[PDB]
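Some notes on the structure that comes next.
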Amino acid sequence: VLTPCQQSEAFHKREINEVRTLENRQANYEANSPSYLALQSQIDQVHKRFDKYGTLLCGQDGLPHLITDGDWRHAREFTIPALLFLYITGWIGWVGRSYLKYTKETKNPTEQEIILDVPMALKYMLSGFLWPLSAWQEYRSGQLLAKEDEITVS
Amino acid sequence: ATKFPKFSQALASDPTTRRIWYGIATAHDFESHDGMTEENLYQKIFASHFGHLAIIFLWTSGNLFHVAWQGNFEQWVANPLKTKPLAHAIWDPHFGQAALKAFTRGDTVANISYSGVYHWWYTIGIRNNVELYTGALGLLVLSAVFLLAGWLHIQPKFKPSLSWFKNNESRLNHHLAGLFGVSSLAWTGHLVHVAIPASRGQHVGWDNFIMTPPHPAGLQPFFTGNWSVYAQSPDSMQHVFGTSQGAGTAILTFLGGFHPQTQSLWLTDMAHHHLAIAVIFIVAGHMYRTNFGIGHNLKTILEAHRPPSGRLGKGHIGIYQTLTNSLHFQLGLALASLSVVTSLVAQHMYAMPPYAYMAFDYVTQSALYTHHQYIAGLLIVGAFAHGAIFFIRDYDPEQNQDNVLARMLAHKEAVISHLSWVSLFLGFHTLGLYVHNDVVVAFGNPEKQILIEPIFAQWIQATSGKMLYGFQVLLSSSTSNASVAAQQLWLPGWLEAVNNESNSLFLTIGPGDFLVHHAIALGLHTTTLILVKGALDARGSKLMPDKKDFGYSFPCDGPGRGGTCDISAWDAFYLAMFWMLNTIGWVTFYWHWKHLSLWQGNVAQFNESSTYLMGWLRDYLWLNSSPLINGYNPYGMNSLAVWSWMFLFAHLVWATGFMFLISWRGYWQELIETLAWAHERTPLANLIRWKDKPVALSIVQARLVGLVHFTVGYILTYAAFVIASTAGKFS
Amino acid sequence: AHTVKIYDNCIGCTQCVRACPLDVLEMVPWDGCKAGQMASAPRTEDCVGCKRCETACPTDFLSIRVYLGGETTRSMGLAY
Amino acid sequence: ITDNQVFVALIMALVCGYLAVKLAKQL
Amino acid sequence: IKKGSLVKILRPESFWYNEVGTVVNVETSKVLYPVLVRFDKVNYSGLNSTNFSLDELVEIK
Amino acid sequence: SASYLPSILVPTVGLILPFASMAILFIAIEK
Amino acid sequence: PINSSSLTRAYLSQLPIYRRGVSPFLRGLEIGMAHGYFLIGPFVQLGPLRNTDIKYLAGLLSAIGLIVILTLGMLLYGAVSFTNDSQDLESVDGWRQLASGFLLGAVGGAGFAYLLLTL
Amino acid sequence: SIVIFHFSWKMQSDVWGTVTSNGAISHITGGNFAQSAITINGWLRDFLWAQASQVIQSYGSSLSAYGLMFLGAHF
Amino acid sequence: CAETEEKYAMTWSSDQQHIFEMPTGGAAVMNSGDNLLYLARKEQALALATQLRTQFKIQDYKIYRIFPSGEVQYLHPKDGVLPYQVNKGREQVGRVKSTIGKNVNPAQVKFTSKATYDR
Ligand code: CLA
Ligand code: CLA
Ligand code: CLA
Ligand code: CLA
Ligand code: CLA
Ligand SMILES: CC1=C(/C=C/C(C)=C/C=C/C(C)=C/C=C/C=C(C)/C=C/C=C(C)/C=C/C2=C(C)CCCC2(C)C)C(C)(C)CCC1
Ligand SMILES: CC1=C(/C=C/C(C)=C/C=C/C(C)=C/C=C/C=C(C)/C=C/C=C(C)/C=C/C2=C(C)CCCC2(C)C)C(C)(C)CCC1
Ligand SMILES: CC1=C(/C=C/C(C)=C/C=C/C(C)=C\C=C\C=C(C)\C=C\C=C(C)\C=C\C2=C(C)CCCC2(C)C)C(C)(C)CCC1
Ligand SMILES: CC1=C(C/C=C(\C)CCC[C@H](C)CCC[C@H](C)CCCC(C)C)C(=O)c2ccccc2C1=O
Ligand code: SF4
Ligand code: SF4
Ligand code: SF4
């Protein structure tokens, strides 16, 4: 059973346990100690850390579980960093593919991957931003894929 | 024939010690002998099948005899919860005095039989030692029958013709009907006549099984189809297994679910079960033609399945030829199907425990599952190993002209690239999440973990009535179509077993299920990356396309072209055996640490401390090896001192494997020359000269023997830890 | 004995014979190549099978292939 | 639970041992 | 056939099977493998330049 | 329960059978 | 080379094998006369029955227990190797006389050490 | 590995530790070497299992980086 | 040993007392005029042939293969010719018609005593 996390009791027991247990280290230093100030900022980083989990689903353990159905009530858990992440490595994959299909036709392609042409590298590094409708427009052009490359026997 | 390898003259000319090792390891390789053609091959594997079966029935007569003679079986029948099931007795002359006090259970000093055998023999209806003796003689006779046949079908005019072996057509008419259909029907003839009355108190031994019908009225007014009388009065609630109290008299009642008391399946359910499976298999026996001619020609069944869509090559035309002529294809399908059957057995022996007073002894249930999982992985790896033997020594791409198989070898690059993709993805997304959860838990904060609820398994448990999640779908919702559709038939006896948290059926699920089941799928996809790699690149790769010429387990190609350590199709075996032991590793560590949380009771001990890796190495390996590694102390010992010894022993097996796996031959081949120099040069021993010349082990054998010590060390270590762990926390 | 077979990619560049430390391979005048040479392996009874030839065989794919056959005294290369 | 049936057992598997060596010296 | 022509191969055991390459040498002296072809990428022996016959020799335009 | 039988069979199969069976198999290398 | 000098040659020469001519039964009876007297030693003081009055008898049954195995190895090695019949220790008959000499001389060495553990 | 495992366990049984009043002696493992170094179950139990208890229980505390350099170094 | 195994006797001549290296190991004296050398196996002997020939002119050299029946053979040189140099006397054995690309599949060699390249 996935209780809403702001009212799970054992979750709040983890709040009391980490605030008080971290406060057991705070019982060593004076009021103006930089260590003591660091544990002030650390207690801030525990109460903010637990109040900013108010819309998760911590179950019977008091530990905030997730959901990967795309329920749209839990899209901020997984599917929004899913689309964000696939944008970032569609960037990286598209930059790497575009740079290799640059340096495949140069003078010395073996030298081009040791010593990156930072001119043309930082050309493609930035130019792969609109990769969904650049791969979709190269894929309709018959250029994204290939045909009749290397293979073994059969 | 002249010396040793009475079968290969390519090894009898060898003067080294390789004639011994390769004389052993190529003994059963019947396809590569001196002059053994096809009829001389099937007429040898057919006899050796009988020798094998007689070894099996000699073994089961072994268990029947030791339980009959050294076990405590009927005393166990008296109190199946209390008394531990005893195995065979001990005769050590090494147990000095203090060991014997750590094994006496009565007059016997026997081992405790952690193999679930008394449970299955107790649900069969064996309630004496006398029936065990008559059964043990009843299988010595059967092993003499099978040795008689294997000796008998190697007698020359009784060696059957190969056209009989190529009656591939009709074995399926007889295995599905006779072996599977009749015998399971015959097994209902046990369960109806023995297990039901000897569970309902009636001692129906071999006397009154024709005078006491299992139903009080039977078979003269019962060809009329009044079959609801056989499911009239079930055994409802107030019954203990073995007596006659609180029990009805119906035979084939399908209640569904468990006993209330013994937490096992009803034997009425198994009688009706094997009866229905029996009828359906006997129906499936009428499938193919014979001398009669009412059935299916298999050529007409693989020829007809060529799609007009055209995507699937020129169809299966070519497959029926390469099953008759092949054997490693047929053995690959055999080990594939038997292996998935074993994993199904393992995934149901704990989940639906069939045997009364199992899931009450928490060691035998923990050994049967792990047993059938390691045997499951061994037989999958056999299916792919003989897959690669099929693609090398048995594959003809001219009879398989652009066949489905030749299509497989065409797109094997996409197959291996995508297996490597999913294996890479799961390996960065189990290990990523376990190192995330383990760093984060390590940094004073179990809360900042990534825990993903495995909602798909929770939803599938909601489809089978587990109401503890709140999805309210087909069976968890009590008003749906399937919920009303079997409301009288088998649901209310079964949802009690589902919604209960005592039994091991449809377990409660945290994110440890998520992260582990992704780790398991990592193991399956890595292990099929290897096996499907060196089964599809078994024949020829762009490193060396000569691979089909060298056979299966050729060593290498030398240092040429960069270096060629382990290119063969035998490497895929050799590496996916490590991945087999690993993957079945994680399966059985996960199962065993799930049930050491259920059986202890603290499920929160699992679900709080299994989402990261020090939960495993802390809460499971460091803690549950404590009654193991206290098996003997400098204060004394106990009964676990065998396993705690074996444990250590098995580590010494395992690491000796590394001596063969890491450090290869040419070290030792120039060290044996120092040993043979020192033996030749010394006095008093240069008389005793070798006959076979001392030679270090060849690099297929060496990787094989290092693999064998890796398996024996692995499996003996974990068989020590399952049994010593659960037998230390209990019994 | 290790059957060494020398196929028709053998353009006769003699790195096989100069690479073999056993003189199992020689060169034979064969009017099928530009150099007119093609290696032969008569004395494969002395052939170790160390595949040092197939390292230094600069053909397309391995004119000279060393199939690991029987194992005699000399082909096992033991000192004693 | 008795002794004579153990003798009968090792008789029957001694005969089965004779079929084991009997099958063994033909293949 | 001619020198310098970009040529795909049709022999399944080459490292450059189904990869185009430039013809260096064409010999007219009864050699069974007269056409010495080298490539962009390189096999395991460090050796791009190999040679072939005429049947395994497909030019392009 | 003939309790004396492991005191006969466990040695005569445990040690002396992998003595004479070493003899039978190892001379059987040279037969 | 070195460790092949005339003291080494003279000492290895008059051993119970390299000496010129003995009947192989007595040639083995000298071998077992050494070894069977020897092998009582590391079973009396260190064996499993070293604390009862069977300190000495377990030396006999254990040591002769090794001796019949060692003669079994003798008969295996003369069975497999030494196929010729040159009547010396390189034969079959001379080797089985060497083995029978090792058995009777070795059990004689065992009983000799056993009766010499009386004092 | 066995030079230091000889070190760090004989000198937690026969040298190191604390003392109390009247010259009393208290090692870290408490004299648990000569009865336990002679086997390997005594070795693996009494040293590689028992001395792990301050490495394995180190999460949440300041030693926990070692608890990360214990697991990953297995890796 | 020399009683049952082939000892390879490399014979050769030189001009100056140089110092080569044995395949046994360690330096050797290298008699200047003419000298033999009994060796164990052929790779040692032709490894000594490469040991000498890649240094300096050592020619008119070849091992007589002493096999224990007594007679000799003529290895290396065989035909007063160096083996990678072409003599028109060596008759070729060990070739097939084409590359690996026309070798038969071993499912055609299966249950027959042929090889996968024979055609
Ligand atoms: C040029 C960038 C690039 C691109 C577009 C791809 C794309 C692909 N790789 Mg990959 N790969 C790359 C670099 C790249 N790779 C490098 C450098 C390595 C060596 C570590 C690998 C090793 C590798 C393996 C082992 C496998 C793939 C696979 C795949 C395919 C599945 C996607 C995947 O899981 O990626 C895999 C991604 C990784 C293993 C790590 C990411 C690789 C680098 C670190 C990211 C790219 C950055 C790159 C260096 C930028 C260079 C250009 C820039 C300097 C201008 C996909 C086509 C799989 C496949 O065949 O599936 C079909 C597969 O099994 N790749
Ligand atoms: C009705 C007739 C009949 C029957 C009973 C059999 C029976 C058999 N044949 Mg056979 N055969 C027949 C007709 C028949 N044959 C005909 C007509 C032909 C010619 C066309 C052949 C040609 C033939 C060949 C060529 C071979 C056999 C072989 C075999 C044996 C299979 C191995 C085995 O025991 O597996 C037993 C398997 C099972 C009992 C079931 C395994 C899988 C199930 C699903 C799991 C078990 C069920 C359950 C869950 C577990 C119970 C265990 C318990 C502890 C709970 C088996 C004894 C083979 C052999 O070994 O030689 C003897 C063999 O090589 N047969
Ligand atoms: C019924 C199932 C079955 C059958 C009939 C076969 C049959 C065959 N397999 Mg096989 N195989 C199977 C299952 C099966 N396999 C499975 C399940 C696996 C995966 C584990 C394999 C993996 C496998 C490989 C890798 C190879 C074969 C090969 C072969 C062929 C020759 C076998 C031989 O000569 O061995 C001779 C007999 C032995 C070597 C004895 C086995 C001893 C093993 C190696 C170690 C066991 C020692 C034991 C653990 C020590 C006990 C000590 C204790 C402490 C535990 C033969 C056709 C070979 C082949 O065809 O290549 C030419 C081959 O290379 N198989
Ligand atoms: C701890 C042991 C270990 C680990 C982690 C692996 C991991 C892997 N094996 Mg493997 N293997 C092992 C032992 C191990 N093996 C053993 C003992 C054998 C028997 C020899 C094999 C045999 C074997 C075979 C035969 C195959 C694999 C393959 C693979 C890969 C599977 C795909 C995957 O999960 O990628 C996910 C990637 C990982 C899990 C890598 C770990 C992530 C790293 C640690 C992070 C990157 C570096 C990090 C930033 C630290 C920087 C270091 C610093 C110096 C800067 C994976 C890398 C297969 C393969 O290539 O798949 C594509 C393959 O075919 N293995
Ligand atoms: C698998 C079968 C097997 C069997 C039955 C035995 C049996 C025995 N071992 Mg043993 N052992 C085995 C395997 C086996 N071992 C293996 C595999 C190893 C290697 C790990 C060892 C290593 C080992 C050691 C290191 C020692 C034993 C000892 C003993 C004896 C126990 C002493 C005692 O308390 O009895 C009371 C003792 C007696 C009643 C005296 C019996 C003396 C001999 C055995 C009987 C007379 C022999 C006779 C002259 C020759 C007849 C043939 C012979 C081969 C039997 C006992 C006879 C101890 C021993 O040496 O005892 C003699 C001992 O120190 N064993
Ligand atoms: C290499 C090779 C091979 C391989 C081997 C193997 C190993 C295979 C694999 C296979 C396997 C290993 C198997 C598996 C299968 C699969 C399956 C079978 C799955 C599916 C599933 C299902 C079907 C389920 C579902 C369901 C449910 C859940 C309930 C309801 C209903 C149903 C039933 C639908 C072969 C021989 C072939 C060929 C030759 C070569
Ligand atoms: C340390 C040392 C050493 C060593 C030691 C030794 C050498 C010893 C040995 C010893 C020995 C080892 C001895 C032996 C003994 C014996 C004798 C001297 C004899 C006796 C006799 C006999 C034994 C007899 C027997 C018998 C009998 C009783 C009966 C009948 C039969 C017979 C006759 C057989 C030396 C000196 C070198 C040097 C210094 C140091
Ligand atoms: C929704 C959802 C989900 C998912 C699932 C799915 C969706 C699955 C399926 C799967 C799929 C649906 C797949 C597809 C794939 C296929 C293919 C066919 C691929 C493609 C690829 C490619 C083409 C690549 C390339 C590239 C690009 C594009 C960019 C740049 C880079 C590279 C070059 C790499 C989950 C449950 C998680 C959660 C909830 C919701
Ligand atoms: C230790 C080691 C050895 C040494 C193993 C030796 C040679 C074998 C010793 C074990 C044998 C079985 C001992 C002989 C005693 C037997 C009782 C003799 C009979 C055995 C046969 C009849 C089966 C290797 O030969 C080797 C080879 C290649 C890679 C790694 C290694 C390697 O690590
Ligand atoms: S190591 Fe020995 S085996 Fe492995 S590749 Fe180099 S040569 Fe071939
Ligand atoms: S094959 Fe390769 S190595 Fe042998 S000669 Fe022709 S080129 Fe030189
Ligand atoms: S096989 Fe080994 S030895 Fe014979 S030639 Fe090729 S490399 Fe030289």
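Just so it is clear, none of the values below were taken in a lab; they were calculated from the coordinates. Heads up, the Cβs are rebuilt from the backbone with ideal geometry, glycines too, and the neighbour counts pull from every protein chain shown.
Numerical summary
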read-out: Cα gyration tensor category, rounded, prolate or oblate, for chain C with a/c compared to 1.5; value: prolate
read-out: Only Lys, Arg (+1) and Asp, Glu (-1) charged, at Cβ; the protein assembly as shown dipole about Cα centre in debye; value: 1720 debye
read-out: Computed [θ] at 222 nm, helices only, for the protein assembly as shown once each DSSP H run of length n ≥ 4 contributes -39500 (n - 2.57); value: -14000 deg cm²/dmol
read-out: Modelled FRET efficiency - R0 35 Å, B:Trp645 with B:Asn686, Cβ distances, 0.05 increments; value: 0.30
read-out: Principal axes of the stretch B:236-313: Cα extent on each, largest first, Å; value: 63, 36, 14
read-out: Kyte-Doolittle mean at least -1.0, axial Cα span of 20 Å or more - DSSP H helices of chain B; value: B:39-69, B:130-152, B:267-284, B:328-349, B:364-393, B:412-442, B:511-536, B:570-598, B:641-661, B:701-729
read-out: G:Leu26 paired with D:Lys25, simple spin-label distance in nm, labels 7 Å along Cα-to-beta-carbon; value: 4.2 nm
read-out: Estimated FRET transfer efficiency (I:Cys1, A:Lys107; beta-carbon r; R0 51 Å; 0.05); value: 0.20
read-out: Violating pairs (Cα-Cα greater than 31 angstrom) within the set B:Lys693/I:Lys62; B:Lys157/B:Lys547; B:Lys693/I:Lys102; value: B:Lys157/B:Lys547; B:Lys693/I:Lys102
read-out: FRET efficiency estimate (nearest 0.05) - Cβ-Cβ, B:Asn208 to B:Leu489, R0 30 angstrom; value: 0.35
read-out: Cut-off under 5 Å, modelled amide H: who pairs with E:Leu57 long-range; value: E:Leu10
read-out: Between the stretch H:21-75 and the stretch B:666-701, the alpha-carbon center distance in angstrom; value: 44 Å
read-out: Max mean-square fluctuation residue, GNM over chain A, Cα-Cα springs under 10 Å, options A:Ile43, A:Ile88, A:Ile114; value: A:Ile114
read-out: Taking chain B and dividing mean pair separation by its residue count, relative contact order in percent (alpha carbons under 8 Å, at least six apart); value: 12 percent
read-out: Cross-link reach list, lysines versus A:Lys107, counting only Cα pairs under 20 Å and skipping chain neighbours closer than eight places; value: A:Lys123, E:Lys41
read-out: Residue mean of other protein chain beta carbons inside 10 Å, E:30-42; value: 3
read-out: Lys/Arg +1, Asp/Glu -1 at C-beta; the stretch B:8-130 dipole; positive extreme among B:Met36, B:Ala89, B:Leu53; value: B:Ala89
read-out: Cross-link pairs beyond the 23 Å C-alpha cut-off, checked among E:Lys30/I:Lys97; B:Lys44/B:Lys691; B:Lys166/B:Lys548; B:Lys548/C:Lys34; value: B:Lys44/B:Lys691; B:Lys166/B:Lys548; B:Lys548/C:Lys34
read-out: Total charge dipole magnitude, chain B, about the Cα centre, Cβ charges on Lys, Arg, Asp, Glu only, Debye to nearest 20; value: 880 debye
read-out: Separation in nanometres of the label points that stand 7 Å from Cα toward Cβ, at E:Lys61 and A:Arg97; value: 3.1 nm
read-out: Neighbouring partner chain Cβ atoms per residue of C:49-58, average, 10 Å criterion; value: 4
read-out: Cβ charges +1 (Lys, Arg) and -1 (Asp, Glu), total dipole of chain G, debye; value: 300 debye
read-out: Packing-based exposure ordering (other Cβ within 10 Å, fewest first) of B:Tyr635, I:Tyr8; value: B:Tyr635, I:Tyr8
read-out: Label point 7 Å beyond Cα of B:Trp664 along Cβ direction - residues of the stretch B:687-712 with amide nitrogen under 18 Å; value: B:696-708
read-out: Kyte-Doolittle mean at least -0.5 and Cα axial length at least 24 Å: DSSP H helices in chain G; value: G:57-80, G:93-115
read-out: Tensor-based shape of the protein assembly as shown (alpha-carbon gyration tensor, a/c under 1.5 rounded, otherwise prolate or oblate); value: rounded
read-out: With Cα atoms, 0 to 90° folded angle of helix I:42-53 axis to chain I main axis; value: 60 degrees
read-out: Average partner coverage of H:38-44, which counts Cβ from other chains inside 10 Å; value: 5
read-out: Farthest toward positive dipole pole in the stretch B:667-731 [+1 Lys/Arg, -1 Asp/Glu at C-beta], among B:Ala724, B:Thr674, B:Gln701; value: B:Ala724
read-out: Alpha carbon centroid spacing (whole Å) that separates the stretch E:26-54 from the stretch G:1-28; value: 70 Å
read-out: Relative contact order %, chain A, counting alpha carbon pairs below 8 Å whose residues are six or more apart; value: 21 percent
read-out: Mean Cβ count within 10 Å, highest first, over the residues of peptides B:379-386, G:83-90; value: B:379-386, G:83-90
read-out: Ordering of C:69-78, B:63-72 by burial proxy (mean other Cβ atoms within 10 Å per residue, highest first); value: B:63-72, C:69-78
read-out: Scattering profile of chain H at q = 0.17, 0.26, 0.27 Å⁻¹ [log10 I(q)/I(0), Debye over alpha-carbon scatterers]; value: -0.77, -1.15, -1.17
read-out: Whole-Hz ³J(HN,Hα) from phi, Karplus 6.51 cos²θ - 1.76 cosθ + 1.60, for the stretch H:56-69, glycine and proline x; value: 7, 7, 8, 6, x, 10, 7, 7, 5, 4, 5, x, 8, 7
read-out: Solution diffusion estimate, µm²/s, Stokes-Einstein, chain A, Kirkwood Rh from C-alpha pairs, 20 °C, viscosity 1.002 mPa s; value: 102 µm²/s
read-out: Euclidean distance of C-alpha centroids, chain F and the stretch B:539-587, integer Å; value: 40 Å
read-out: Those residues of the stretch A:78-116 whose amide nitrogen sits under 19 Å from the label point placed on A:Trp72, 7 Å along Cα→Cβ; value: A:78-84
read-out: Packing rank of G:32-39, B:181-188, where each peptide gets the mean count of other beta carbons within 10 Å, highest leading; value: G:32-39, B:181-188
read-out: Pairwise label distance in nanometres, H:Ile2 with H:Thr39, each label 7 Å out on the Cα-Cβ vector; value: 1.9 nm
